[PDB]
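Take a look at this single chain in structure tokens; it is the form deposited in one PDB entry.
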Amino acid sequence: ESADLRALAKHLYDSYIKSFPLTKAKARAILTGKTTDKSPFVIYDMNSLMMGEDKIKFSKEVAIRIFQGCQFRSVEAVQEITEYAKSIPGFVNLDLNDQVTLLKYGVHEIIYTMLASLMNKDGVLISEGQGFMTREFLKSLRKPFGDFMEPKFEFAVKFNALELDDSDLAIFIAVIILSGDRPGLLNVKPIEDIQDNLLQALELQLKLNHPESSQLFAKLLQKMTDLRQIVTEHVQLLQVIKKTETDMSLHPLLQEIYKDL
């Protein structure tokens, strides 16, 4: 019955809002500076970056500070995602070692999915939207850290072209966690039973919310290829900073879900 799917769709969107402080709705409202009830401070070089603290709650180089921000932002999102994931029906019932494995492997694909909500083609919101750092300022950093964000902007523009809203994303990111082809899953079939369910919810949720978009379902499922390549590119980048920056700490949670290859 499609009516139970809808009850599932509503439950997830509700836990989504409850787990993530900055929705896509709030982000698009900040970004279209026609809604100027709260406008972002814009960082665009190092001058802007320095004044961004006379204004915003924010000798140790800048590209690394930039990056250990992106680091501890990633910690932030992982804890919001694991909280969101507990709320997915059946997920907390699963073998504990497999809870950990869906999370290990689904979380980064989910940071970059949601990173798109914060993104347009010129930059990305910062500190839960108070600030907005340009895409070029990012591109300009010290020669290694000078391109880590660049494949996110690449995916985000093409992903944001589908124009999903949060009530669509909440079901999509659930599908991502509940994959079943993650490495090392002891019992995968109950995982596939839940995802069959999430897929059905997602399919009819897109069908009802975007009824002029033939096969948005097929086209949204394809973008899962782009997340996998973002994650690999990122882990490769990550290793170069390790060696060419032996003074560069990394958070052990991030360090923990990063078991490479």
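The term rigid core refers to the most C-alpha atoms you can superpose between the two forms while keeping them within 1.5 Å. The first residue of the sequence shown is number 1, and the count goes up from there.
There is another form of this protein, the form solved in complex with a partner chain, and it is not shown here; the text below is about that form.
Novice: So if I measure heavy atom distances to its partner chain in the bound PDB entry, which of the stretches 130-138, 115-123, 75-83, 163-171 falls within 4.5 Å?
Specialist: Only one stretch passes the 4.5 Å heavy-atom test: 75-83.
Novice: According to a 4.5 angstroms non-hydrogen atom cut-off, is residue 91 in contact with its partner chain in the bound PDB entry?
Specialist: Heavy-atom contact with its partner chain at 4.5 Å: present for residue 91.
Novice: Can you work out whether residue 107 and its partner chain are in contact in the bound PDB entry, taking contact to mean some heavy atom pair no more than 4.5 Å apart?
Specialist: Close contact exists here: in the bound PDB entry, residue 107 approaches its partner chain to within 4.5 Å, heavy atoms only.
Novice: Once everything's superposed on the core, is residue 196 shifted 2 Å or more at the Cα between this form and the one not shown?
Specialist: No, the C-alpha moves less than 2 Å.
Novice: When you overlay the rigid core, is the Cα of residue 25 off by 2 Å or more between this form and the one not shown?
Specialist: No, residue 25 moves less than 2 Å.
Novice: Superposing on the rigid core, does the Cα of residue 245 end up 2 Å or more away between this form and the one not shown?
Specialist: Superposed on the core, residue 245 moves its C-alpha 2 Å or more between this form and the one not shown.
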